[PDB]
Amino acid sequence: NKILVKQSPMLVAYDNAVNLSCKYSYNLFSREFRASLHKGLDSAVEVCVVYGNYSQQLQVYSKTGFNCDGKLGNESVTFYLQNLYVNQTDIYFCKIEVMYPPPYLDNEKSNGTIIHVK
């Protein structure tokens, strides 16, 4: 099986910042997971990578010249993107994998979320 992903269809960044919540159909409390944000239709660029611990600790990484921050919450991960450029207006996709406790699962392709940076 696969995890489900609900993300807002549209978000306007105000003052070059936005909060992208990725809603999963899985209990990420006390789980070893790896959440991802990808930008672009071809999902090439990986914007942010939020690794989750069993003891609900987070290791957030911002890879491609993005200012990313991460917050965990039950069946969701929130990506707080700051200092976005206007030229970064695009479709963003939430990705997830759970490893422990088993089984290993990944997400079914989400519809994405259009971020308009103003």
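The first residue of the sequence shown is number 1, and the count goes up from there.
If you average the C-alpha B-factors over 87-95 and over 55-63, the higher value belongs to 55-63. Remark: residue 44 belongs to the highest third of its chain, ranked by C-alpha B-factor as recorded. Placement of the Cα temperature factor of residue 103 within the chain: middle third of the modelled residues, per the deposited record.
Sort the chain's modelled residues by C-alpha temperature factor and residue 36 lands in the lowest third, per the entry. In this PDB entry, the Cα temperature factor of residue 72 sits in the top third of its chain's modelled residues, the highest group. The entry lists a Cα temperature factor for residue 1 that places it in the highest third of the chain's modelled residues.
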